[PDB]
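Everything on this sheet refers to the single structure shown next.
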Amino acid sequence: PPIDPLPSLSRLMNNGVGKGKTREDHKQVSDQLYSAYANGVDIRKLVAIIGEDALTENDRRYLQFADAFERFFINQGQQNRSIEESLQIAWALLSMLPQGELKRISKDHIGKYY
Amino acid sequence: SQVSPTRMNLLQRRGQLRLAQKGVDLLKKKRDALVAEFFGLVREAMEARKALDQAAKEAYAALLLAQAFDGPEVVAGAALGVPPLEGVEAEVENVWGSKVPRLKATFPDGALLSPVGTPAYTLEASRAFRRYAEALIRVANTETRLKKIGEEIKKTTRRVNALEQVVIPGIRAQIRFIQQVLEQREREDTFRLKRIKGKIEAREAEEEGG
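Chains as they are written, first to last, in the deposited numbering: chain D, 350 to 463; chain K, 2 to 211.
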């Protein structure tokens, strides 16, 4: 399915969700996925404008997260994913970003799933 | 704050599409020419470079422990140093891909003319200076050509990228916005004209009734 969340904006995102009302890290992994993709797609603008690049090495990791979120996650065919399977593996793509550069998720959750 | 008018703006925005699309068409094949020829210079560059790099060094490296006291002798017979302020011959040239200057490395340095010293090596080292000079001209033109073709490439990808986002659909949405508001204005026209009709008939319906 092609879903693009960047022009997407929902009314509630912490209501009907929270610790034990969905999963404890549902509430945490919300805002995280959002700003993470953002800073990927952003680069691909500026690359044409000057040279053939527009990135360092601290940009290059957010770069691969716009490929990672892509055909792995967004694509799935029509297969039914479970609320577990979703956020679980959403933390295997978040291993490619520095954990010391995360500011949209709390630290006590870093220690629960890495 | 700043919003576009409809009646005044219309005529500008229709010719906007005429101006843009045609301009960019030929802009396209403008740089294409220049990069095709550029391959030719980069390849050809290194031809002389492999040949003369090795035959320069041939003698150099074989005159290091027979030199360091025959250094004196070799520099004496030979033609004195190239000037540090413009010893090379700089050329200015205006060309597309901005005004980039070029240059050729030819200067005097002599050849086969140092008197006294090591029988073979001295003279062979002096001659070798030429194989710096000459060889260096190739890289003298391609590394300056590199900076020119940088400008082009970057501006090229810039315009394409840009066009498909802000410009093109933006120059569209302007006609569209205009259009729709011109169009919708003409609901009030018809509605008013309706009530006008109603009056007219109502008047000829007081001759024949009430």
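Think of the CB as a built atom: it goes at the ideal place given N, C-alpha and C, for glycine as much as any other residue.
Identify whether residue i lies in helix, strand or coil by the three-state DSSP scheme.
i, result
"K/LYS105", "strand"
"K/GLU208", "coil"
"K/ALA63", "coil"
"K/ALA91", "strand"
"K/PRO73", "helix"
"K/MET47", "helix"
Quick one: using the 10 Å Cβ neighbour count with 16 as the cut-off for buried, is residue i buried or exposed?
i, result
"K/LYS149", "buried"
"K/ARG204", "exposed"
"K/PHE192", "exposed"
"K/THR123", "buried"
"K/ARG128", "buried"
"K/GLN68", "buried"
"K/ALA136", "buried"
"D/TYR463", "exposed"
"K/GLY41", "exposed"
"K/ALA52", "exposed"
Once you ignore the five residues that flank residue i on each side, which residues in its own chain have a CB closer than 8 Å to its CB?
i, result
"D/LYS368", "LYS376"
"K/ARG131", "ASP110 and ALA112"
"D/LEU442", "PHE414, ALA417, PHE418, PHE421 and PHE422"
"K/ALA134", "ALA106, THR107, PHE108 and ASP110"
Measuring alpha carbon to alpha carbon, tell me which of the options ends up nearest residue i.
i, options, result
"K/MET47", "K/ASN142, K/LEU65 and K/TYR61", "K/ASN142"
"K/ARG44", "K/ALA206, K/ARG139, K/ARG14 and K/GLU209", "K/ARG139"
"K/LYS23", "K/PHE178, K/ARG186, K/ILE169 and K/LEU194", "K/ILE169"
"K/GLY98", "K/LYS198, K/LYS156 and K/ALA80", "K/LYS156"
"D/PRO356", "D/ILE459, D/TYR383 and D/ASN364", "D/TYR383"
"K/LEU27", "K/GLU184, K/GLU38, K/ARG160 and K/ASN10", "K/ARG160"
"K/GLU38", "K/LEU147, K/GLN185 and K/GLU92", "K/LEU147"
"K/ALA21", "K/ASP33, K/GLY199 and K/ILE172", "K/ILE172"
"D/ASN363", "D/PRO354, D/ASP353 and D/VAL378", "D/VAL378"
Are residue i and residue j touching if we call contact CB-CB under 8 Å?
i, j, result
"K/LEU114", "K/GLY88", "no"
"K/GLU125", "K/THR107", "no"
"D/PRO351", "D/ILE423", "yes"
"K/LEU104", "K/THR145", "yes"
"K/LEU164", "K/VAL36", "no"
"D/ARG409", "D/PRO447", "no"
"D/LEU412", "D/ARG372", "no"
With a threshold of 7 Å on Cβ separation, who are the neighbours of residue i within its own chain once the five nearest residues in sequence on each side are excluded?
i, result
"D/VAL396", "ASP402 and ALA403"
"K/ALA60", "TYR122, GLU125, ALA126 and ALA129"
Within the same chain, show all residues whose beta-carbon is closer than 6 Å to that of residue i, passing over the 5 residues directly before and after it, in chain order.
i, result
"D/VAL390", "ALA415"
"K/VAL182", "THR7"
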